[PDB]
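In: Here is my input, please return the structure:
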Amino acid sequence: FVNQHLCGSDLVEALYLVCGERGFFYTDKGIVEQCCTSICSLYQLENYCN
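Out: Numbers count the residues shown, from 1 in each chain. There you are, the coordinates:
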């Protein structure tokens with residue numbers, strides 16, 4: 001969807017548009033530190049949801 005930073009608000013909003021089913025995975029938070037101030041990788045973000 002985007003090739004820049006998104007941070008929770010967008011990180012979560014995207015993980016939502018990324019999967020759109022069971023609210024993707026968002027509890028442990030093994031990320032958000034490089035996808036908010038740094039760029040991420042839609043490929044990896046598309047693997048958080050089941």
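In: Can you point out the buried residues in stretch 8-16?
Out: Buried positions in stretch 8-16, judged by neighbour count with 16 or more other Cβ atoms under 10 Å: 10-11, 14-15. Bear in mind the C-beta positions are built from the backbone N, C-alpha and C, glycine included.
In: ditto for stretch 33-48
Out: By neighbour count on 16+ other Cβ under 10 Å, the buried set for stretch 33-48 is 35, 40, 45, 48.
In: The third one and residue 15, how far apart?
Out: Using Cβ to Cβ, to the nearest Å, one gets 6 Å for the distance from residue 45 to residue 15.
In: what does the second one give?
Out: Residue 40 sits 10 Å away from residue 15 when distances are taken as Cβ to Cβ.
In: you'd agree residue 22 is up against residue 48?
Out: No. If you go by Cβ atoms under 8 Å, residue 22 and residue 48 don't touch, sitting 10.6 Å apart.
In: Tabulate the buried residues of stretch 33-48 (JSON lines), appending secondary structure.
Out: Converted to JSON lines, the buried residues of stretch 33-48 look like this (DSSP: H, G, I helix; E, B strand; the rest coil):
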{"residue": "35", "secondary structure": "coil"}
{"residue": "40", "secondary structure": "coil"}
{"residue": "45", "secondary structure": "helix"}
{"residue": "48", "secondary structure": "coil"}
